[PDB]
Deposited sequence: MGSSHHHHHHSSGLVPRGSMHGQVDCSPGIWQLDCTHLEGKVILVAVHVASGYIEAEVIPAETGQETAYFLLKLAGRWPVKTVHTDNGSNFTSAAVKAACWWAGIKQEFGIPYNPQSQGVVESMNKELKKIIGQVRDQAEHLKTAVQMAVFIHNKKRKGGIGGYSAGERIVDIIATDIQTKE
């Protein structure tokens, strides 16, 4: 189902990586954030919601969604309540970049454009079909 996303943080090199997965397609978005915080999660969701039709969000750590900032974002945006494979791609391109955040975006790109249709194509097809 096309409005469902998964959202979790992983850790790498002492930093936090917020990873959203469009469950039906396997498409990902990710950002490196300073701290694993309710506020950062909220802002992330705002950005995600303006880009895709986000209806429901799941997580492996329910306590992530407990902050008032997060609930307020989900309220405003109308939302209701890979990390190993990505680390793999991060590892493969890590040395081409100085900043971890740059390596993460390189990795997100590679993940979304690979065929094994790519995740990037499937999200768009699934969502266009739903219109």
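Gaps in the model relative to the deposited sequence occur at 1 to 26, 108 to 123, 159 to 163, 179 to 182, listed in sequence order.
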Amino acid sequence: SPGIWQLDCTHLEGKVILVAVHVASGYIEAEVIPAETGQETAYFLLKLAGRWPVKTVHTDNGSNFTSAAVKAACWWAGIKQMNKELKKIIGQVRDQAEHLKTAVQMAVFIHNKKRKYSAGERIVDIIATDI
From here on, numbers count along this sequence of modelled residues.
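Set 82 to 90 against 69 to 77 and average the Cα temperature factors; 82 to 90 ends up higher. Averaged over their C-alpha atoms, the temperature factors of 100 to 108 and 30 to 38 are higher for 30 to 38. Per the PDB record, residue ranking by Cα B-factor puts residue 12 in the middle third of the chain. Sort the chain's modelled residues by C-alpha temperature factor and residue 114 lands in the highest third, per the entry.
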